[PDB]
file work.pdb (PDB, N, CA and C atoms)
ATOM      1  N   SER A 617      94.048  38.077  -7.225
ATOM      2  CA  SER A 617      94.046  37.929  -5.773
ATOM      3  C   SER A 617      92.669  37.671  -5.157
ATOM      4  N   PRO A 618      91.559  38.187  -5.704
ATOM      5  CA  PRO A 618      90.253  37.896  -5.084
ATOM      6  C   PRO A 618      89.966  36.415  -4.895
ATOM      7  N   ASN A 619      90.504  35.540  -5.744
ATOM      8  CA  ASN A 619      90.317  34.103  -5.604
ATOM      9  C   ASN A 619      91.434  33.448  -4.801
ATOM     10  N   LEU A 620      92.105  34.208  -3.935
ATOM     11  CA  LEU A 620      93.221  33.661  -3.171
ATOM     12  C   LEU A 620      92.762  32.545  -2.243
ATOM     13  N   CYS A 621      91.954  32.890  -1.246
ATOM     14  CA  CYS A 621      91.561  31.944  -0.214
ATOM     15  C   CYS A 621      90.206  32.350   0.340
ATOM     16  N   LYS A 622      89.456  31.355   0.807
ATOM     17  CA  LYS A 622      88.191  31.592   1.488
ATOM     18  C   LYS A 622      88.334  31.538   3.003
ATOM     19  N   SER A 623      89.366  30.854   3.499
ATOM     20  CA  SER A 623      89.939  31.034   4.830
ATOM     21  C   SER A 623      89.096  30.479   5.972
ATOM     22  N   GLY A 624      87.852  30.096   5.708
ATOM     23  CA  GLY A 624      87.066  29.415   6.711
ATOM     24  C   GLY A 624      86.736  27.967   6.399
ATOM     25  N   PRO A 625      86.282  27.693   5.170
ATOM     26  CA  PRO A 625      85.873  26.313   4.853
ATOM     27  C   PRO A 625      87.010  25.429   4.372
ATOM     28  N   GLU A 626      88.082  26.017   3.844
ATOM     29  CA  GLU A 626      89.121  25.216   3.205
ATOM     30  C   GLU A 626      90.041  24.562   4.230
ATOM     31  N   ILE A 627      90.154  25.149   5.421
ATOM     32  CA  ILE A 627      91.282  24.855   6.298
ATOM     33  C   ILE A 627      91.054  23.625   7.164
ATOM     34  N   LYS A 628      90.080  23.690   8.070
ATOM     35  CA  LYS A 628      89.874  22.567   8.976
ATOM     36  C   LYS A 628      88.676  21.728   8.573
ATOM     37  N   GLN A 629      87.818  22.255   7.702
ATOM     38  CA  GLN A 629      86.717  21.475   7.163
ATOM     39  C   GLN A 629      87.146  20.592   5.998
ATOM     40  N   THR A 630      88.438  20.547   5.667
ATOM     41  CA  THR A 630      88.863  19.797   4.488
ATOM     42  C   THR A 630      88.867  18.292   4.746
ATOM     43  N   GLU A 631      89.230  17.866   5.958
ATOM     44  CA  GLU A 631      89.104  16.451   6.289
ATOM     45  C   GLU A 631      87.640  16.031   6.295
ATOM     46  N   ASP A 632      86.769  16.899   6.817
ATOM     47  CA  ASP A 632      85.334  16.669   6.712
ATOM     48  C   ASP A 632      84.898  16.599   5.256
ATOM     49  N   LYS A 633      85.540  17.381   4.388
ATOM     50  CA  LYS A 633      85.197  17.351   2.970
ATOM     51  C   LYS A 633      85.595  16.027   2.336
ATOM     52  N   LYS A 634      86.728  15.469   2.748
ATOM     53  CA  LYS A 634      87.125  14.163   2.228
ATOM     54  C   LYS A 634      86.195  13.066   2.738
ATOM     55  N   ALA A 635      85.788  13.160   4.006
ATOM     56  CA  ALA A 635      84.732  12.282   4.502
ATOM     57  C   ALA A 635      83.448  12.458   3.696
ATOM     58  N   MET A 636      83.153  13.691   3.281
ATOM     59  CA  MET A 636      81.961  13.955   2.479
ATOM     60  C   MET A 636      82.093  13.350   1.088
ATOM     61  N   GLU A 637      83.309  13.327   0.552
ATOM     62  CA  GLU A 637      83.548  12.657  -0.721
ATOM     63  C   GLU A 637      83.308  11.156  -0.592
ATOM     64  N   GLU A 638      83.764  10.565   0.512
ATOM     65  CA  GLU A 638      83.446   9.161   0.773
ATOM     66  C   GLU A 638      81.939   8.952   0.926
ATOM     67  N   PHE A 639      81.249   9.926   1.522
ATOM     68  CA  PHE A 639      79.791   9.883   1.560
ATOM     69  C   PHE A 639      79.212   9.902   0.152
ATOM     70  N   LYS A 640      79.773  10.730  -0.726
ATOM     71  CA  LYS A 640      79.324  10.748  -2.113
ATOM     72  C   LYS A 640      79.572   9.402  -2.781
ATOM     73  N   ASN A 641      80.576   8.662  -2.312
ATOM     74  CA  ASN A 641      80.753   7.294  -2.799
ATOM     75  C   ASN A 641      79.615   6.397  -2.333
ATOM     76  N   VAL A 642      79.319   6.430  -1.033
ATOM     77  CA  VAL A 642      78.175   5.681  -0.509
ATOM     78  C   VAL A 642      76.906   6.069  -1.261
ATOM     79  N   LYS A 643      76.847   7.315  -1.730
ATOM     80  CA  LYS A 643      75.728   7.777  -2.543
ATOM     81  C   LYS A 643      75.750   7.134  -3.922
ATOM     82  N   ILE A 644      76.923   7.112  -4.562
ATOM     83  CA  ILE A 644      77.111   6.406  -5.822
ATOM     84  C   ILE A 644      76.608   4.978  -5.717
ATOM     85  N   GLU A 645      76.852   4.326  -4.587
ATOM     86  CA  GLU A 645      76.316   2.995  -4.344
ATOM     87  C   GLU A 645      74.828   3.062  -4.014
TER      88      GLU A 645
ATOM     89  N   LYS B 435      33.730 -30.112   2.057
ATOM     90  CA  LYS B 435      33.894 -31.459   1.511
ATOM     91  C   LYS B 435      33.086 -32.481   2.302
ATOM     92  N   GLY B 436      32.981 -32.290   3.613
ATOM     93  CA  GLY B 436      32.113 -33.115   4.423
ATOM     94  C   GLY B 436      30.800 -32.437   4.758
ATOM     95  N   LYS B 437      30.699 -31.133   4.492
ATOM     96  CA  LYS B 437      29.488 -30.373   4.788
ATOM     97  C   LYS B 437      29.055 -29.558   3.565
ATOM     98  N   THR B 438      29.011 -30.215   2.401
ATOM     99  CA  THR B 438      28.494 -29.583   1.191
ATOM    100  C   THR B 438      27.010 -29.256   1.279
ATOM    101  N   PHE B 439      26.313 -29.735   2.313
ATOM    102  CA  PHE B 439      24.875 -29.511   2.415
ATOM    103  C   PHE B 439      24.544 -28.025   2.447
ATOM    104  N   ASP B 440      25.358 -27.233   3.140
ATOM    105  CA  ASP B 440      25.150 -25.797   3.235
ATOM    106  C   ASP B 440      26.462 -25.070   2.985
ATOM    107  N   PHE B 441      26.350 -23.860   2.444
ATOM    108  CA  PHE B 441      27.509 -23.031   2.159
ATOM    109  C   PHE B 441      27.290 -21.647   2.749
ATOM    110  N   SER B 442      28.401 -20.991   3.083
ATOM    111  CA  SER B 442      28.392 -19.593   3.518
ATOM    112  C   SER B 442      29.203 -18.832   2.473
ATOM    113  N   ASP B 443      28.501 -18.102   1.606
ATOM    114  CA  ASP B 443      29.130 -17.342   0.534
ATOM    115  C   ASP B 443      30.221 -16.427   1.075
ATOM    116  N   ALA B 444      31.225 -16.142   0.250
ATOM    117  CA  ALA B 444      32.309 -15.260   0.653
ATOM    118  C   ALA B 444      31.760 -13.880   0.988
ATOM    119  N   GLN B 445      31.919 -13.478   2.244
ATOM    120  CA  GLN B 445      31.486 -12.172   2.727
ATOM    121  C   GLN B 445      32.691 -11.270   2.963
ATOM    122  N   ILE B 446      33.659 -11.332   2.051
ATOM    123  CA  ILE B 446      34.903 -10.591   2.197
ATOM    124  C   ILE B 446      34.689  -9.186   1.652
ATOM    125  N   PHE B 447      34.086  -8.330   2.475
ATOM    126  CA  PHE B 447      33.933  -6.911   2.191
ATOM    127  C   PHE B 447      34.082  -6.157   3.513
ATOM    128  N   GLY B 448      34.868  -6.731   4.423
ATOM    129  CA  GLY B 448      35.010  -6.224   5.766
ATOM    130  C   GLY B 448      35.951  -5.032   5.857
ATOM    131  N   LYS B 449      36.009  -4.476   7.070
ATOM    132  CA  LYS B 449      36.920  -3.369   7.345
ATOM    133  C   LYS B 449      38.361  -3.753   7.050
ATOM    134  N   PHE B 450      38.672  -5.047   7.143
ATOM    135  CA  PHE B 450      40.046  -5.484   6.947
ATOM    136  C   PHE B 450      40.511  -5.241   5.521
ATOM    137  N   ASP B 451      39.619  -5.368   4.537
ATOM    138  CA  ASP B 451      39.997  -5.050   3.162
ATOM    139  C   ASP B 451      40.366  -3.577   3.025
ATOM    140  N   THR B 452      39.491  -2.689   3.506
ATOM    141  CA  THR B 452      39.750  -1.257   3.404
ATOM    142  C   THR B 452      41.032  -0.870   4.128
ATOM    143  N   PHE B 453      41.246  -1.395   5.336
ATOM    144  CA  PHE B 453      42.427  -0.961   6.074
ATOM    145  C   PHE B 453      43.686  -1.671   5.592
ATOM    146  N   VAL B 454      43.559  -2.833   4.953
ATOM    147  CA  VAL B 454      44.739  -3.430   4.343
ATOM    148  C   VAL B 454      45.135  -2.639   3.106
ATOM    149  N   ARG B 455      44.151  -2.097   2.386
ATOM    150  CA  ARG B 455      44.469  -1.112   1.356
ATOM    151  C   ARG B 455      45.120   0.122   1.970
ATOM    152  N   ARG B 456      44.640   0.538   3.142
ATOM    153  CA  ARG B 456      45.251   1.658   3.852
ATOM    154  C   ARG B 456      46.709   1.365   4.194
ATOM    155  N   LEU B 457      46.980   0.144   4.647
ATOM    156  CA  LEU B 457      48.340  -0.251   4.984
ATOM    157  C   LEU B 457      49.204  -0.347   3.737
ATOM    158  N   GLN B 458      48.622  -0.771   2.613
ATOM    159  CA  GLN B 458      49.337  -0.717   1.340
ATOM    160  C   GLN B 458      49.722   0.713   0.994
ATOM    161  N   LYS B 459      48.786   1.645   1.177
ATOM    162  CA  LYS B 459      49.081   3.055   0.959
ATOM    163  C   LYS B 459      50.232   3.507   1.844
ATOM    164  N   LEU B 460      50.181   3.149   3.128
ATOM    165  CA  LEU B 460      51.263   3.499   4.043
ATOM    166  C   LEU B 460      52.588   2.899   3.587
ATOM    167  N   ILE B 461      52.566   1.631   3.169
ATOM    168  CA  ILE B 461      53.772   0.950   2.706
ATOM    169  C   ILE B 461      54.394   1.708   1.543
ATOM    170  N   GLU B 462      53.598   1.972   0.504
ATOM    171  CA  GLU B 462      54.127   2.642  -0.680
ATOM    172  C   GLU B 462      54.578   4.061  -0.360
ATOM    173  N   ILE B 463      53.730   4.824   0.338
ATOM    174  CA  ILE B 463      54.074   6.179   0.762
ATOM    175  C   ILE B 463      55.443   6.190   1.424
ATOM    176  N   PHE B 464      55.622   5.344   2.436
ATOM    177  CA  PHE B 464      56.812   5.446   3.265
ATOM    178  C   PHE B 464      58.033   4.828   2.596
ATOM    179  N   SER B 465      57.851   3.811   1.749
ATOM    180  CA  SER B 465      58.985   3.257   1.015
ATOM    181  C   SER B 465      59.495   4.245  -0.027
ATOM    182  N   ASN B 466      58.578   4.921  -0.722
ATOM    183  CA  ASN B 466      59.002   5.953  -1.658
ATOM    184  C   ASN B 466      59.616   7.136  -0.921
ATOM    185  N   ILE B 467      59.125   7.434   0.285
ATOM    186  CA  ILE B 467      59.777   8.427   1.138
ATOM    187  C   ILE B 467      61.217   8.015   1.420
ATOM    188  N   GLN B 468      61.407   6.747   1.796
ATOM    189  CA  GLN B 468      62.744   6.202   2.003
ATOM    190  C   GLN B 468      63.638   6.452   0.803
ATOM    191  N   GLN B 469      63.241   5.931  -0.357
ATOM    192  CA  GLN B 469      64.096   6.026  -1.536
ATOM    193  C   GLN B 469      64.326   7.476  -1.934
ATOM    194  N   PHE B 470      63.319   8.332  -1.746
ATOM    195  CA  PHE B 470      63.481   9.734  -2.100
ATOM    196  C   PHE B 470      64.452  10.433  -1.165
ATOM    197  N   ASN B 471      64.521  10.016   0.099
ATOM    198  CA  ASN B 471      65.487  10.630   1.005
ATOM    199  C   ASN B 471      66.905  10.492   0.458
ATOM    200  N   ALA B 472      67.313   9.259   0.149
ATOM    201  CA  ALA B 472      68.636   9.037  -0.423
ATOM    202  C   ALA B 472      68.774   9.697  -1.790
ATOM    203  N   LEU B 473      67.739   9.616  -2.631
ATOM    204  CA  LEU B 473      67.852  10.181  -3.973
ATOM    205  C   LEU B 473      67.985  11.700  -3.930
ATOM    206  N   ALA B 474      67.296  12.355  -2.994
ATOM    207  CA  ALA B 474      67.461  13.788  -2.798
ATOM    208  C   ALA B 474      68.821  14.103  -2.201
ATOM    209  N   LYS B 475      69.368  13.183  -1.405
ATOM    210  CA  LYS B 475      70.742  13.341  -0.948
ATOM    211  C   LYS B 475      71.749  13.133  -2.073
ATOM    212  N   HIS B 476      71.337  12.516  -3.176
ATOM    213  CA  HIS B 476      72.196  12.434  -4.353
ATOM    214  C   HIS B 476      71.979  13.584  -5.332
ATOM    215  N   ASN B 477      70.778  14.158  -5.370
ATOM    216  CA  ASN B 477      70.400  15.078  -6.439
ATOM    217  C   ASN B 477      71.041  16.450  -6.272
ATOM    218  N   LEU B 478      70.642  17.183  -5.241
ATOM    219  CA  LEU B 478      70.858  18.621  -5.193
ATOM    220  C   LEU B 478      71.872  18.963  -4.116
ATOM    221  N   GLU B 479      73.017  19.510  -4.540
ATOM    222  CA  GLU B 479      74.115  19.818  -3.625
ATOM    223  C   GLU B 479      73.637  20.557  -2.382
ATOM    224  N   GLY B 480      72.519  21.272  -2.485
ATOM    225  CA  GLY B 480      71.837  21.812  -1.328
ATOM    226  C   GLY B 480      70.968  20.765  -0.662
ATOM    227  N   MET B 481      71.596  19.876   0.114
ATOM    228  CA  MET B 481      70.858  18.819   0.803
ATOM    229  C   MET B 481      69.712  19.389   1.628
ATOM    230  N   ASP B 482      70.001  20.406   2.444
ATOM    231  CA  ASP B 482      69.027  20.871   3.426
ATOM    232  C   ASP B 482      67.795  21.475   2.761
TER     233      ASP B 482
END
call {"tool": "encode", "arguments": {"input": "work.pdb", "output": "structure tokens"}}
result
Amino acid sequence: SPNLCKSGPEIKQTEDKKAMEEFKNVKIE
Amino acid sequence: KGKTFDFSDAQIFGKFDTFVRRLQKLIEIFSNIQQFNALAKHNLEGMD
């Protein structure tokens, strides 16, 4: 159970995280 | 070519040489700063 959820970064920052993954693509380039 | 009678030897040791070297230093400094910004944004997950 300790690894259940972090409850702050996973929820609404996840779309920002996918944008950040696209940023990591721009970085790959 | 029409005035070979007298010559003025190259006196190219002016301030412009030193400061053009200075501008070369600025160019290299800041271009490597540029590339390092992106490369540091690629390197360490702790960007800040």
call {"tool": "interface_residues", "arguments": {"input": "work.pdb", "of": "chain A", "to": "chain B", "cutoff": "8 Å", "atoms": "all atoms listed in the file", "output": "list in words"}}
result
residues 640, 643 and 644 of chain A
call {"tool": "atom_distance", "arguments": {"input": "work.pdb", "atom1": "atom CA of residue A:628", "atom2": "atom N of residue A:641"}}
result
20.2 Å
call {"tool": "atom_distance", "arguments": {"input": "work.pdb", "atom1": "atom N of residue B:459", "atom2": "atom C of residue B:443"}}
result
25.9 Å
call {"tool": "atom_distance", "arguments": {"input": "work.pdb", "atom1": "atom CA of residue A:637", "atom2": "atom CA of residue B:481"}}
result
14.2 Å
call {"tool": "select_by_dssp", "arguments": {"input": "work.pdb", "residues": "chain A", "states": "alpha helix (DSSP H)", "output": "PyMOL selection string"}}
result
chain A and resi 630-644
call {"tool": "decode", "arguments": {"input": "work.pdb", "residues": "stretch 435-481 of chain B", "atoms": "N, CA and C atoms", "output": "CSV table (one decimal), in the first residue's frame"}}
result
chain,number,residue,atom,x,y,z
B,435,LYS,N,50.2,49.7,-57.8
B,435,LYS,CA,50.5,49.4,-59.2
B,435,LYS,C,50.8,50.6,-60.0
B,436,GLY,N,50.1,51.7,-59.7
B,436,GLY,CA,50.5,53.0,-60.3
B,436,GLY,C,51.3,53.9,-59.4
B,437,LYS,N,51.5,53.5,-58.1
B,437,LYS,CA,52.3,54.3,-57.2
B,437,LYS,C,53.2,53.3,-56.4
B,438,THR,N,54.0,52.5,-57.2
B,438,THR,CA,55.0,51.7,-56.6
B,438,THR,C,56.2,52.5,-56.1
B,439,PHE,N,56.2,53.8,-56.4
B,439,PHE,CA,57.4,54.6,-55.9
B,439,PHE,C,57.5,54.6,-54.4
B,440,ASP,N,56.4,54.6,-53.7
B,440,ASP,CA,56.4,54.5,-52.2
B,440,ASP,C,55.4,53.5,-51.7
B,441,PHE,N,55.8,52.9,-50.6
B,441,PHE,CA,54.9,52.0,-49.9
B,441,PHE,C,54.7,52.3,-48.5
B,442,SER,N,53.5,51.9,-48.0
B,442,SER,CA,53.2,52.1,-46.5
B,442,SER,C,53.1,50.6,-46.0
B,443,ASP,N,54.1,50.2,-45.3
B,443,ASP,CA,54.1,48.8,-44.7
B,443,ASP,C,52.8,48.5,-43.9
B,444,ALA,N,52.4,47.3,-43.9
B,444,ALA,CA,51.2,46.9,-43.1
B,444,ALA,C,51.4,47.2,-41.6
B,445,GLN,N,50.6,48.1,-41.1
B,445,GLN,CA,50.6,48.6,-39.7
B,445,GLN,C,49.4,48.0,-39.0
B,446,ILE,N,49.1,46.7,-39.3
B,446,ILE,CA,47.9,46.0,-38.7
B,446,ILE,C,48.3,45.5,-37.4
B,447,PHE,N,48.3,46.3,-36.3
B,447,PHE,CA,48.5,46.0,-35.0
B,447,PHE,C,47.6,46.8,-34.1
B,448,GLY,N,46.5,47.3,-34.7
B,448,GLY,CA,45.6,48.2,-34.1
B,448,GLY,C,44.7,47.6,-33.0
B,449,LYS,N,44.0,48.5,-32.4
B,449,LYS,CA,43.0,48.1,-31.4
B,449,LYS,C,42.0,47.1,-32.0
B,450,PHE,N,41.7,47.2,-33.3
B,450,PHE,CA,40.7,46.4,-33.9
B,450,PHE,C,41.1,44.9,-33.9
B,451,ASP,N,42.4,44.6,-34.0
B,451,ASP,CA,42.8,43.2,-33.9
B,451,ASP,C,42.5,42.7,-32.5
B,452,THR,N,42.9,43.4,-31.4
B,452,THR,CA,42.7,42.9,-30.1
B,452,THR,C,41.2,42.8,-29.8
B,453,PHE,N,40.4,43.8,-30.2
B,453,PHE,CA,38.9,43.7,-29.9
B,453,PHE,C,38.2,42.7,-30.8
B,454,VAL,N,38.7,42.4,-32.0
B,454,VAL,CA,38.1,41.4,-32.8
B,454,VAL,C,38.4,40.0,-32.2
B,455,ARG,N,39.6,39.9,-31.6
B,455,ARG,CA,39.8,38.7,-30.8
B,455,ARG,C,38.9,38.7,-29.6
B,456,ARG,N,38.6,39.8,-29.0
B,456,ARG,CA,37.6,39.9,-27.9
B,456,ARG,C,36.3,39.5,-28.4
B,457,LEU,N,35.9,39.9,-29.6
B,457,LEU,CA,34.6,39.5,-30.1
B,457,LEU,C,34.5,38.0,-30.5
B,458,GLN,N,35.7,37.5,-30.9
B,458,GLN,CA,35.8,36.0,-31.1
B,458,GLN,C,35.5,35.3,-29.8
B,459,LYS,N,36.2,35.8,-28.7
B,459,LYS,CA,36.0,35.2,-27.4
B,459,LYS,C,34.5,35.3,-27.0
B,460,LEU,N,33.8,36.4,-27.2
B,460,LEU,CA,32.4,36.6,-26.9
B,460,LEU,C,31.6,35.6,-27.8
B,461,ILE,N,31.9,35.4,-29.0
B,461,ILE,CA,31.2,34.5,-29.9
B,461,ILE,C,31.3,33.1,-29.4
B,462,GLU,N,32.5,32.6,-29.1
B,462,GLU,CA,32.7,31.2,-28.7
B,462,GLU,C,32.0,31.0,-27.3
B,463,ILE,N,32.3,31.9,-26.4
B,463,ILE,CA,31.7,31.9,-25.0
B,463,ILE,C,30.2,31.7,-25.1
B,464,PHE,N,29.5,32.6,-25.9
B,464,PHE,CA,28.1,32.6,-25.9
B,464,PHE,C,27.5,31.5,-26.7
B,465,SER,N,28.2,31.1,-27.8
B,465,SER,CA,27.7,29.9,-28.6
B,465,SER,C,27.7,28.7,-27.8
B,466,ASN,N,28.8,28.5,-27.0
B,466,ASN,CA,28.9,27.3,-26.2
B,466,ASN,C,28.0,27.4,-25.0
B,467,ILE,N,27.7,28.6,-24.5
B,467,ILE,CA,26.6,28.8,-23.6
B,467,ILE,C,25.3,28.3,-24.1
B,468,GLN,N,25.0,28.7,-25.4
B,468,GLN,CA,23.8,28.3,-26.1
B,468,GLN,C,23.7,26.8,-26.1
B,469,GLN,N,24.7,26.1,-26.7
B,469,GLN,CA,24.6,24.7,-26.8
B,469,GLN,C,24.6,24.0,-25.4
B,470,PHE,N,25.2,24.5,-24.4
B,470,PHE,CA,25.2,23.9,-23.1
B,470,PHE,C,23.8,24.1,-22.5
B,471,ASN,N,23.1,25.1,-22.8
B,471,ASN,CA,21.8,25.3,-22.2
B,471,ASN,C,20.9,24.1,-22.6
B,472,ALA,N,20.8,23.8,-23.9
B,472,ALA,CA,20.0,22.7,-24.4
B,472,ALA,C,20.6,21.4,-23.9
B,473,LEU,N,22.0,21.2,-23.9
B,473,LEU,CA,22.6,20.0,-23.5
B,473,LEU,C,22.3,19.7,-22.0
B,474,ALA,N,22.4,20.7,-21.2
B,474,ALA,CA,22.0,20.6,-19.8
B,474,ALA,C,20.5,20.3,-19.6
B,475,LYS,N,19.7,20.8,-20.5
B,475,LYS,CA,18.3,20.4,-20.5
B,475,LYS,C,18.1,19.0,-20.9
B,476,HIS,N,19.1,18.4,-21.6
B,476,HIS,CA,19.0,17.0,-21.9
B,476,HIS,C,19.7,16.1,-20.8
B,477,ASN,N,20.7,16.6,-20.1
B,477,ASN,CA,21.5,15.8,-19.3
B,477,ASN,C,20.8,15.3,-18.0
B,478,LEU,N,20.5,16.3,-17.1
B,478,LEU,CA,20.2,16.0,-15.7
B,478,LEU,C,18.8,16.3,-15.4
B,479,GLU,N,18.0,15.2,-15.1
B,479,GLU,CA,16.6,15.3,-14.8
B,479,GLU,C,16.2,16.5,-13.9
B,480,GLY,N,17.2,16.9,-13.1
B,480,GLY,CA,17.1,18.2,-12.3
B,480,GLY,C,17.5,19.3,-13.2
B,481,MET,N,16.6,19.8,-14.0
B,481,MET,CA,16.9,20.9,-14.9
B,481,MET,C,17.4,22.1,-14.1
